[PDB]
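*Asks:* need coordinates for the following:
(9 chains)
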Amino acid sequence: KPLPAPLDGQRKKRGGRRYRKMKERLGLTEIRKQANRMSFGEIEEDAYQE
Amino acid sequence: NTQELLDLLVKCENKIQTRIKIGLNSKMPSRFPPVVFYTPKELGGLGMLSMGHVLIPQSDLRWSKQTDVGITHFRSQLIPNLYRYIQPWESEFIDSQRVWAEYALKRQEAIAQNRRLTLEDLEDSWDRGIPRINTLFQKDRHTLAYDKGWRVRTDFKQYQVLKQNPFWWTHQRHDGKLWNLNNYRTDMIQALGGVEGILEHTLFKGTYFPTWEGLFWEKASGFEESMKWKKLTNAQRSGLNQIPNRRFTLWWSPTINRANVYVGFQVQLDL
Amino acid sequence: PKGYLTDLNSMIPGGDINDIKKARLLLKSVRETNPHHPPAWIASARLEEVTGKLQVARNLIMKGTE
Amino acid sequence: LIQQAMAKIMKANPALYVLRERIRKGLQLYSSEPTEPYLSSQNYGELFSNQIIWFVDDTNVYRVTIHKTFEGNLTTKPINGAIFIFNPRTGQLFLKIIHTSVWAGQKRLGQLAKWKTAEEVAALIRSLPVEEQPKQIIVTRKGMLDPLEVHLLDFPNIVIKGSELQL
Amino acid sequence: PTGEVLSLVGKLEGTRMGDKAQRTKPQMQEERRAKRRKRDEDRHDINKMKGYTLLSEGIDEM
Amino acid sequence: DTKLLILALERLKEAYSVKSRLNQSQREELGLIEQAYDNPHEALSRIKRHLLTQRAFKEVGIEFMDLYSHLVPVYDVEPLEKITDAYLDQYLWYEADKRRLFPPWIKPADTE
Amino acid sequence: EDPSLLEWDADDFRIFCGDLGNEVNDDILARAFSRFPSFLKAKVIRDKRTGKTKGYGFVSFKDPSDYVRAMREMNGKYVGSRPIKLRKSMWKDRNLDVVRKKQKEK
Amino acid sequence: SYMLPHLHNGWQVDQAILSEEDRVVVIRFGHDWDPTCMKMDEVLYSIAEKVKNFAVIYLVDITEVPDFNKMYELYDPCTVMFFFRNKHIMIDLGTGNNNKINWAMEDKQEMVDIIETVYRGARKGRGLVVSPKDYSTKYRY
Amino acid sequence: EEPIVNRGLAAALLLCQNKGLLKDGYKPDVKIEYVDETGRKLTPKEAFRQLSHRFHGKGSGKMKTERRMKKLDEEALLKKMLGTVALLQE
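*Replies:* Numbers count the residues shown, from 1 in each chain, chains lettered A, B, ... in the order given. Sure, structure below:
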């Protein structure tokens, strides 16, 4: 199958209603804090544990 | 012991840095500052370990601080080698033998006094010897007693996993952590010129933050909430992966956009 | 092989695993919110004895008695 | 004169502040920030001011009753709960009733129940008009102010503060 | 003073491998000691009457 | 049996390093792993049934680790078969070390 | 209250066509209207002493179903140098504002 | 072989560029015998039908059609030219000149990404688009 | 718990404190503040927006102006101040 022609329509016109369940499936309300944070100053766990 | 290996490691390190440098710019950056490479990730650098002899020039160890009274200048060496923080195998083995004999006598005397060997007791020999005695204090201790044949399993894991395993010879859970680089990171920060000395190479002073104690980055945030889950095109994925490189370059602009790093091509920005 | 299997067949018993996990979580929350509630301790002991092992039920009964 | 002029212009210039904010956004430096002071015995006196403040207690939202039978079993029936949003200035207590069927058959942990409670608090705040919407929220439970900052992202003028004295 | 990594060979050749090899300490030892002290103090009456039964003891009722 | 099954499931889950982008096979294996972890007894019964009766299996996918010195074979197995094999491996190793099947000279030993 | 809507408002359908070329589509809107079945008016909102259009323009079409069909067909159509986006004209006048205020309190 | 359509005169080229309104016109200036052109045309045929929705490819012989040599600086053995709605699109590959590829990449996915980026930038309105890769370094190690 | 006593200013100050309502040679008081035509102090973002609007020579649109005016009216109404209906309905 040929690759569909790329396009950029309006991302979203309305919100609420079902839109919320949509994100709930993928993009639900995670911790959203201390997971994508780095803590500029100090070090968590070991230095180069990775 | 192996001199050819040391030459190989210094060559590979020079290659890795080169790769990063070329990514930063096509032109060869004569006298590129090493501070960007060896600075720990939490402080904005790449957090790269060193095995070669790297001399940090004194010219890169000066930093300024402004108070209402005026501006005051300050000064602070060689980059530490990781091997210095790695206990030799022979010392590891003799240490392990003596520490486990000590643990045997401590355990028998605790049993004599109806006591359980404490992790604090193990703390005395905190992970002493080649193996980490600390494991004696892990929760899965009872569960891991049935995980027989784990070294051979880890060695054979290469036939089942598409990711190459460098620590194929050991398991973190069973053998413990045989190495520690916390003091390595501390000495890296000190040798690079201290926290403020390193930050002088960055745009931290440009943010006008009164102190660096309570700050934090936002890894994978971007302008679109990082847009991680999507049906995005491969080119868009490459752009998203290159965005953190944009953040890194912006962070280290004050020390790489200088005329010492690049000779010639002094072009003013538009307007 | 057949004989062993039959025994396995006969050995097949609990109910829903997710409902039992939610009931165990509710019993743990009731024990954490009220340590001095012997109906909560009796419900946690009944939930730990109706499914799983009896050693955890005996430990929960001892914790509720203490 | 020039000294204090430079001091004040580095401290509070609008354009310089915009430059700093743009640099911070480009660097993604989300420096950590402290929360508001909790409702102690010396901070409750501001609760009766002209600003509309509300205290949200949701500890009695999820409640169950253990009915133990004599022979055979012992049941645990979840009952309906009530999240209390009380205003100390007006004496109005909104008792949001949560039925037993919302938690009986959901197959979810407490991270979904706390999110549902924060969404119910946000819907109760949005159902009220802007003249009746409070500007200060006092969370009785310490594990409830963290989703309340997430569920009230459309109204940044409200303050989600903790409480040291549990009502 | 370029940024080229010079060879370790010869550079601090034969350097102490344990020079920077500091050992890690067990963290959260005070909280574990406090939890052990609370578990030892909460089970004092259970350990004092562990071997004393209701039928085969003479100092049970007292 | 429960301890060996838990160890096998932990080993299988460990092999899946977090990349957040998994194919259908990896997510299916994760689903089977968590389902077996939730109810160990039914998984153990299924594993024993497979060991007693099953003799025909599905295709094993192959790939090559491209170490520039030499290619290394890598085999991808169906997740149910993977779980059965992992439990069998754990049980076999535990019982062999209990009975001292392998003489000392046979390394790589787990004590050094 | 600019007196300019008294020439095209004839109980017709007004379509706001924006996202067009600033230096283009000066009279191309007239060609589009002529292509449209109604072909009533294709006024372009432009600023005096500017030399360029102000962006969105008002196309008045008498036939409402034909206007809707044209809007469906011409939505995103490449007209001039940029695709013109067609939407419904607002036309919020003083009487409309008063009616909205009256309906807001009730 | 070369199943890709060919243009035998400047007229074919200059109405082929104006023929497509919703698709990017790709023109390979060069010679079939030229090996580099052979590699690029093999890559293009490998993706000729994949980009049928939003792109079209035409092959132009320099000897057959030499009128574009002076205006487009067609002095390389091979060039690739991108047009949309009669407007050329420059691509910032990092090679110094943004007008033409001037090289044959073996990976078809790179060309697919390049043409997709060109289409995205042309439909949005930018005349100059940025390649989602840097080709200054061959990335060989 | 302190009422407003007649002919006394210390009681109102105590109630407001309990409620939480509170070279040539010279020392030049160089004070720089951002204000608007309404006299209200402006946030740095608002001051920067005003400066940029004045420098660019073009202000905000009609919709943005209406939204700002409505927000200002709402803020004024809120700062100027359903229990009785809930008591009568119960």
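*Asks:* only C-alpha atoms for contact and neighbour calcs from this point on.
*Replies:* Fine.
*Asks:* and residue A:46, how far from residue B:179?
*Replies:* 10 Å (Cα to Cα, to the nearest Å).
*Asks:* of these two, who's got more company?
*Replies:* residue B:179 (18 against 12; other Cα atoms under 10 Å in any protein chain shown).
*Asks:* so that one: helix, strand or coil?
*Replies:* Under DSSP: H, G, I helix; E, B strand; the rest coil, residue B:179 falls in the coil class.
*Asks:* and the nearest residue in space to it that is not next to it in sequence, what does it touch?
*Replies:* In space, and not counting its chain neighbours, residue B:179 is closest to residue B:86: 6.5 Å by Cα to Cα, 6 or more residues apart in numbering or on different chains. Listed by Cα atoms under 8 Å, 6 or more residues apart in numbering or on different chains, the contact set of residue B:86 reads B:179-180, E:17-21.
*Asks:* now, of those residues, which are buried?
*Replies:* Buried subset of those (neighbour count, 16 or more other Cα atoms under 10 Å in any protein chain shown): B:179-180, E:17-18, E:20-21.
*Asks:* take those and write them to CSV, including distance to residue D:58.
*Replies:* Converted to CSV, the buried ones among the contacts of residue B:86 look like this (distance: Cα to Cα, whole Å):
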residue, distance to residue D:58
B:179, 48
B:180, 46
E:17, 58
E:18, 56
E:20, 53
E:21, 51
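*Asks:* returning to that earlier point: any idea which of the contacts of residue B:86 is the one closest to chain I?
*Replies:* residue B:180 (47.2 Å; Cα to the nearest Cα).
*Asks:* residue B:246 sits in which helix or strand?
*Replies:* helix B:234-251 (DSSP states H and E).
*Asks:* scratch that, residue A:22 is what I was asking about
*Replies:* In the assignment (DSSP H and E), residue A:22 maps to helix A:18-25.
*Asks:* in CSV, list the C-alpha atoms belonging to that helix.
*Replies:* Output of helix A:18-25 as CSV, limited to C-alpha atoms (Å, rounded to 0.1, in the frame of the first residue of the first chain):
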residue,chain,number,x,y,z
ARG,A,18,-15.3,11.8,24.6
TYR,A,19,-12.0,13.5,23.9
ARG,A,20,-11.2,12.8,27.6
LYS,A,21,-11.7,9.1,27.4
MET,A,22,-9.5,9.2,24.3
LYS,A,23,-6.5,10.6,26.2
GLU,A,24,-7.4,8.3,29.1
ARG,A,25,-6.7,5.3,26.8
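*Asks:* and the residue most central in space within chain C, helix, strand or coil?
*Replies:* Taking Cα atoms, centre = their mean as the criterion, residue C:48 is the residue nearest the geometric centre of chain C, at 1.8 Å. Following three-state DSSP, the label given to residue C:48 is helix.
*Asks:* that one contacts residue C:56, correct?
*Replies:* Yes: using Cα atoms under 8 Å, residue C:48 makes contact with residue C:56 at a distance of 6.4 Å.
*Asks:* need the next SSE after the longest helix along chain I, C-terminal direction.
*Replies:* Ranked by residue count and defined by DSSP state H, the top helix of chain I is helix I:62-79. Next helix or strand after helix I:62-79 toward the C-terminus (DSSP H and E): helix I:83-89.
*Asks:* helices or strands up against whatever helix or strand residue D:75 lives in?
*Replies:* With secondary structure defined by DSSP H and E, residue D:75 is part of strand D:74-79. Using 3 or more Cα pairs under 8 Å, 6 or more residues apart in numbering or on different chains; DSSP states H and E, the elements in contact with strand D:74-79 are helix C:38-50, strand D:63-68.
*Asks:* what lines up beside that strand in the sheet?
*Replies:* strand D:63-68 (antiparallel) (DSSP bridges).
*Asks:* in the partner strand, what counts as buried?
*Replies:* By 16+ other Cα under 10 Å, the buried positions in strand D:63-68 come out as D:63-64, D:66.
*Asks:* now do it and helix C:38-50, the angle between them.
*Replies:* Counting by axes from the mean of the first three to the mean of the last three Cα atoms, to 10 degrees, strand D:63-68 lies at 70 degrees to helix C:38-50.
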